[PDB]
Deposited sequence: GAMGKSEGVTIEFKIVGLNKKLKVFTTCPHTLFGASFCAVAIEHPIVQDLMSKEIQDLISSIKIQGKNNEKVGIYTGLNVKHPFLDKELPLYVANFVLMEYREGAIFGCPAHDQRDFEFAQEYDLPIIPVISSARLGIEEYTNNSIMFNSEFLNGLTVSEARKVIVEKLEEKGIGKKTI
């Protein structure tokens, strides 16, 4: 069920690989997040943002789930839309890609993060398998059908591959 997705970094000839078990919820994407130790920090981020990540313990005042805006955005693969890229304290560096997409409507972790930083919350699975909405070509498909179609579309565009 898992898929590795390549997000294009806006303004750069560079890609970020993220992994999701829930690729059918991609139209609910509000952000992407990498671990503190992700090499994209040293490769692409400003001295000031690198300095912050190396000097400061990332811990929340109000909420435990917190992050640092990287100064980088990612292009949504199916919408004419940019997503902010964060370093977040709840992403494991050594687990899969050390990088996630945020779906606050359907992931309780992403939800708390999105609330903390006023990031968009976009519902895409109707409460009942359940029906997709706010999801363009996935609209009206069951979660099962949508999982199949989204992976086909990602593979067709060469931006996603099935990953066990």
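- Unmodelled regions of the deposited chain sequence (numbering from residue 1, in sequence order): 1-6, 135-143.
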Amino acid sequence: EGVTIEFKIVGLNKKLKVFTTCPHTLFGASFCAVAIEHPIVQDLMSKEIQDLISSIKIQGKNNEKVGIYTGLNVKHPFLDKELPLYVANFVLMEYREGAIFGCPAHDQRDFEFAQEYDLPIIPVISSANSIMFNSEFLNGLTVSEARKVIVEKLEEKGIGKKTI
From here on, numbers count along this sequence of modelled residues.
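- Relative to one another, 51-59 and 33-41 have unequal mean CA B-factors, and 51-59 is the one with the higher figure.
- Relative to one another, 137-145 and 19-27 have unequal mean CA B-factors, and 137-145 is the one with the higher figure.
- Based on the entry's C-alpha B-factors, the most elevated value among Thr70, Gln108, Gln115, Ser130 belongs to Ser130.
- Per the PDB record, residue ranking by Cα B-factor puts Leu79 in the highest third of the chain.
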